[PDB]
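Student: What follows is a single structure, and I will ask about it in a moment.
Computed from the coordinates by the stated procedures, all read-outs in this text should not be read as laboratory data. Please note: Cβ atoms are built from the backbone with ideal geometry, for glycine as well, and neighbour counts cover all protein chains shown.
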Amino acid sequence: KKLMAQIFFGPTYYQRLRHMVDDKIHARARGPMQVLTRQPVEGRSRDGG
Amino acid sequence: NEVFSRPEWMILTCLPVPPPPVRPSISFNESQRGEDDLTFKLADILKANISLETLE
DNA sequence: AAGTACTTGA
RNA sequence: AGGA
DNA sequence: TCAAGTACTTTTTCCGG
């Protein structure tokens with residue numbers, strides 16, 4: 001069925017940006033600890049909290 | 001306060017040495033140290049003290 | 001970016 | 001060096 | 001004795017080499 005609204009439709013140059021979900025996603029549930037503070041390590045890479 | 005903080009105690013005679021947990025050696029590999037800053041600064045104090053001790 | 005505390009000449 |  | 005500069009102090013949202 002036709003949309004009651006007419007859509008503004010045409011080409012537009014769109015860029016793919018550096019930031020991708022799978023490079024961002026992180027989860028921890030126990031893991032590496034600092035030596036000094038005996039607290040969780042820093043950053044996704046290191047499996048930080 | 002006469003029990004926990006007499007004025008004479010702001011002047012250090014005997015210095016508490018903190019244990020390794022405070023100044024841990026970041027022991028990269030086997031035969032390579034990695035002693036903490038505080039471990040070094042204490043050695044400096046210790047060294048400075050022996051020069052003075054022997055000197056007098 | 002704005003203070004507390006301390007010291008300096010009238 | 002970047003992201004909200 | 002008190003104005004004015006001095007020493008000198010201190011903070012500032014959140015999350016890869």
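Student: Please work out which one of (1) in a loop (DSSP other than H, G, I, E, B); (2) within 14 Å of chain A (Cβ to nearest Cβ) is the condition B:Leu38 fails and give its number.
Tutor: That leaves (1) as the condition not met.
Student: Read through the list (1) out of contact with any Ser or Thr (no Cβ under 9 Å at 6 or more places or on another chain); (2) within 14 Å of another protein chain (Cβ to nearest Cβ); (3) not basic (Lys, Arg), then give the number of the only condition that B:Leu46 fails.
Tutor: Of the numbered conditions (1) out of contact with any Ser or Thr (no Cβ under 9 Å at 6 or more places or on another chain); (2) within 14 Å of another protein chain (Cβ to nearest Cβ); (3) not basic (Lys, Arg), the odd one out for B:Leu46 is (2).
Student: State whether one or more residues within region A:37-45 are away from DNA strand E (no atom under 11 Å from the Cβ) and over 25 Å from the mean Cα position of the chain (by Cα).
Tutor: First, the residues of region A:37-45 that are away from DNA strand E (no atom under 11 Å from the Cβ): A:37-40.
Now narrow it down to the ones that are over 25 Å from the mean Cα position of the chain (by Cα): A:37-38.
Among the residues of region A:37-45, at least one is away from DNA strand E (no atom under 11 Å from the Cβ) and over 25 Å from the mean Cα position of the chain (by Cα), which makes the answer yes.
Student: Take chain A and flag every residue that is surrounded by 11 or more Cβ atoms within 10 Å (Cβ to Cβ) and either within 14 Å of chain B (Cβ to nearest Cβ) or not in a loop (DSSP other than H, G, I, E, B) (or both). Can you show your working first?
Tutor: Taking chain A as the starting set, the residues that turn out to be surrounded by 11 or more Cβ atoms within 10 Å (Cβ to Cβ) are A:26, A:28, A:31-36, A:40-42, A:44, A:46-49.
If the condition is that a residue be surrounded by 11 or more Cβ atoms within 10 Å (Cβ to Cβ) and either within 14 Å of chain B (Cβ to nearest Cβ) or not in a loop (DSSP other than H, G, I, E, B) (or both), then A:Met33, A:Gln34, A:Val35, A:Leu36, A:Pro40, A:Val41, A:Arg44, A:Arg46 are the ones that fit.
Student: Restricting attention to region A:1-36, and to residues there that are of a type in the set (D, E, K, R) and within 30 Å of B:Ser25 (Cβ to Cβ), which single residue is nearest to DNA strand E (Cβ to nearest atom)? It would help to see each step written out before you state the result.
Tutor: First, the residues of region A:1-36 that are of a type in the set (D, E, K, R): A:1-2, A:16, A:18, A:22-24, A:28, A:30.
Narrowing further to those that are within 30 Å of B:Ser25 (Cβ to Cβ): A:28, A:30.
On the way: A:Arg28: 12, A:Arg30: 18 Å.
Residue satisfying both the conditions and the ranking: A:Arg28.
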